[PDB]
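Backbone-built Cβ (ideal geometry, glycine too); neighbour counts: all protein chains shown. Every number in this text was worked out from the coordinates using simple rules, so none of it is lab data.
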Amino acid sequence: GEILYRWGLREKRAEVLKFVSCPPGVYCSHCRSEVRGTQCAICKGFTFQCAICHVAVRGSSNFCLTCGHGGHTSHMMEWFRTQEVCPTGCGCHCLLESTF
Amino acid sequence: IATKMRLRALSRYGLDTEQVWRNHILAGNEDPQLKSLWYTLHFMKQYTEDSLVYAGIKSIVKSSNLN
Amino acid sequence: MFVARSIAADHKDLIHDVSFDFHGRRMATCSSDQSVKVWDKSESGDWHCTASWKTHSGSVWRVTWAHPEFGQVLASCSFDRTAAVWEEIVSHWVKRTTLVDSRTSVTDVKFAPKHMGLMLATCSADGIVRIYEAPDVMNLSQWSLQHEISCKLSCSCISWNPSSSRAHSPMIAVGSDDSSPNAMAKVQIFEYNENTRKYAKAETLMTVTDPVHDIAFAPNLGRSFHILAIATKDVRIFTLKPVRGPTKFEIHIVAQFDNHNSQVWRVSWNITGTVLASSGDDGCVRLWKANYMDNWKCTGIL
Amino acid sequence: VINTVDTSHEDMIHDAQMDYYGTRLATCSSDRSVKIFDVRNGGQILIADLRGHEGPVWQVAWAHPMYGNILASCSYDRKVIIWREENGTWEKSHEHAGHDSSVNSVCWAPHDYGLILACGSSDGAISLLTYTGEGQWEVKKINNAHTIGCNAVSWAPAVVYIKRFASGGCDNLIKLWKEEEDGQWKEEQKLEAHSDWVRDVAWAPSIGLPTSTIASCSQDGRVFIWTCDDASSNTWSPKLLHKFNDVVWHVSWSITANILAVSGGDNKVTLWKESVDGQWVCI
Ligand SMILES: [Zn+2]
Ligand SMILES: [Zn+2]
Ligand SMILES: [Zn+2]
Ligand SMILES: [Zn+2]
């Protein structure tokens, strides 16, 4: 795996290392609490809600550090391909805040 | 009405803030009602740019070679 | 101005019920062979089934989906006194905690509007309407029992009020199926006072006596009144404007025609609350709409 | 192949080393400068002309790319100066001069441990710089290391931790070291089979074979291979490969530890390979 990393292939290093035997704060919309996960613990509900799509996000995502609005990854991929404003009308150019 | 609302949205209806009345040309074919609102809105808007205009003529001509 | 067409779905048994999700991209079909199927809609527009399993002992009358904001959940009702909640894991449709707590056969099963939780409204033939609640959205296996409703009649159809404003409490409409000569009522309307957590009686439509087979509320869309559909021998569209105990609705009657000459089985509205489709036992069905004079007229029977 | 590059320096060249990917090339020289090129597709381009370090530079050492773009550069001026690449520009980041005499050798530690740089100066001490975070460096010294002074250091591959390196100096004895549980860098062993002066030492990379191999180079000229495959007996058996006619300078291993390249005062570079019979032949 170290050799493959040196060569420059990062997918085939993960594929190889997959066989090794040994192992290696989103706000809720119902109670406004800091919940670590896809499901709340107080009201037992979905905490993350897609900012384009409004179907609850349980898998992969991305968001802006300051505005704190994001959703499904492909959704933002399409949205930010041609515009530069927060989709929920917040006013941040998240391309300048999310990407350092 | 639901079908009309679909074609209105596709043609960017209502978002032209440069000239207001041109909206009635985006609404579709012909509606005397909808070709009266935007003209009634355009004349109101180009008078605060040159606040009480929004009150309607009733409040204007109540508290009153012309005045 | 509706032009009919045909689809390319092939089945084996009869079809008893169909339903659409929220987006009109998936549907669930019943079949009197102890089987239900779901089909997706390919981008090109061709359909393809992707699920099939036996679910009960007998026949399944109804399947209704749920709001996607709680995932992908179904709700079936069968003849043999049962009412279950399906889920989906990805594929394989592993069934969650089926719950039957009635004595007779359950007549109908409809969900609740998404603005007040994940309630469910099973009703049985004996005249008992049951309310299920699940305050564990992260895991849909636990269901409680909120206020049940007793009317001491027969039950055929249930309907909610899709209104979402904070000026109208939830309302329940109930339909009978009896042919008894005791022609007193066929459709009652329930309400909800927030101060007692009970279910009182709002009004009663003492103007339909023949058996009712389906009741469908019209979507709100912001109007100042509500609309109901009653599927008797005559298709009827009522009107209630709340006046300013329960609230006093003042009923009316705005349409009553019989141009089907058969048993009008089911009625259901569209998304925008203008066109209403009506069915019957005369082969082909009709579409109703409202004209400039606000006098409802036929619109393209096909 | 070949990728000829013109240094455009004013004096001799003392060290040269490439990056971890095959894309950059750092050069020390005797003009108090360190020029970083960009050797891609034969290009002799320039990216930096870092200056300072009053004396003549002697060695360089790149860091693991997982920690960013860093570069250690020691010199005669008894100062180690460390570089970074912020916003596409190379700049001086930190200097340390806790050595009375010239610092001769620099060697980064294996990346599993972290970011540790071992520098052995000619005043008979080893200074270990640990990156403590938030732009802080912790320095732990080992006084009275060699009789005259250390010349070269090397780090052993990490196994399943026990940190361990190997230093050599002007006392003609190769020493081994180990970090205790508290943190004391206790000495473990010492090897003596050389005659004149050991200049460079190199420890072989591991690919899982239970065998540790260390090369060595002496001033008189002798490359001795110190095999040791006795697991936990901590016993080493010297061998020999040649006896040259000059001062052997540097020895370098391959990534799989099958070929050794030795360069000395003879102004030539030789390659070697172990045979089936156990003797080392040229190529
Ligand atoms: Zn919550
Ligand atoms: Zn989405
Ligand atoms: Zn925002
Ligand atoms: Zn932002």
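Taking only the range A:43-100 into account, find how many residues are among the polar types (S, T, N, Q) and within 16 Å of ligand 1 (Cβ to nearest atom).
Here is the first cut: in the range A:43-100, the residues among the polar types (S, T, N, Q) are A:47, A:49, A:60-62, A:66, A:73-74, A:82-83, A:88, A:98-99.
Going one step further and asking which of them are within 16 Å of ligand 1 (Cβ to nearest atom), we end up with A:47, A:49.
The qualifying residues number 2.
Specify the residue that is nearest to the other protein chains (Cβ to nearest Cβ); the eligible residues are those in the range D:1-29 that are over 19 Å from the mean Cα position of the chain (by Cα) and polar (S, T, N, Q). So, considering only residues that are over 19 Å from the mean Cα position of the chain (by Cα) and polar (S, T, N, Q), the one nearest to the other protein chains (Cβ to nearest Cβ) is D:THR23.
Residue under question is D:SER233, and the condition is that it be in contact with a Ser or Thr (Cβ under 8 Å, 6 or more places away or on another chain), of a type outside the set (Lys, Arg) and in a loop (DSSP other than H, G, I, E, B); does it hold? The answer is no for D:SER233. Among the residues of the range D:113-122, are any among the β-branched types (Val, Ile, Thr) and surrounded by fewer than 20 Cβ atoms within 10 Å (Cβ to Cβ)? Yes, because at least one residue in the range D:113-122 is among the β-branched types (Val, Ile, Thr) and surrounded by fewer than 20 Cβ atoms within 10 Å (Cβ to Cβ).
The condition of being buried (at least 18 other Cβ atoms within 10 Å of the Cβ), closer than 26 Å to C:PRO219 by Cα and within 14 Å of chain A (Cβ to nearest Cβ) does not hold for C:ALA75. Taking the range D:187-220 as the range and being in contact with a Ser or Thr (Cβ under 8 Å, 6 or more places away or on another chain), of a type in the set (D, E, K, R) and outside any strand (DSSP E or B) as the test, the residues that pass are D:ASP196, D:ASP220.
Just one of (1) away from chain B (no Cβ under 14 Å); (2) within 20 Å of C:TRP160 (Cβ to Cβ); (3) of a type in the set (S, T, N, Q) fails for C:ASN270. It is (1). Restricted to strands (runs of 3 or more DSSP E) entirely inside the range C:72-175, those with at least 3 residues that are aliphatic (A, V, I, L, M) and within 27 Å of A:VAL55 (Cβ to Cβ) are C:82-86.
Counting just the residues of the range A:60-100 that are away from ligand 2 (no atom under 16 Å from the Cβ) and not in a loop (DSSP other than H, G, I, E, B), which one comes out farthest from the other protein chains (Cβ to nearest Cβ)? In this case the residue turns out to be A:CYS94. If the condition is being under 14 Å from the mean Cα position of the chain (by Cα) and either more than 16 Å from ligand 4 (Cβ to nearest atom) or of a type in the set (D, E, K, R) (or both), then the range A:13-49 contributes A:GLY25, A:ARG36, A:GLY37, A:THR38, A:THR47, A:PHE48, A:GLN49.
The range C:229-302 holds strands (runs of 3 or more DSSP E) entirely within its bounds, and those carrying 3 or more residues that are of a type outside the set (A, V, I, L, M) map to C:286-289. Looking at chain B, the helices (runs of 4 or more DSSP H) lying wholly inside it that each contain 1 or more residues that are touching a helix residue (DSSP H, G or I) at 6+ places or on another chain (Cβ under 7 Å), more than 14 Å from chain C (Cβ to nearest Cβ) and closer than 30 Å to C:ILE271 by Cβ sit at B:34-48. For the range D:28-35, the criterion of a residue being closer than 25 Å to D:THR130 by Cα, surrounded by 13 or more Cβ atoms within 10 Å (Cβ to Cβ) and hydroxyl-bearing (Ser, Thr, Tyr) is satisfied by no position.
Among the residues of the range A:59-77, none qualifies, meaning not one is in contact with a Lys or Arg (Cβ under 6 Å, 6 or more places away or on another chain) and either under 17 Å from C:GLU69 (Cβ atoms) or within 16 Å of ligand 4 (Cβ to nearest atom) (or both).
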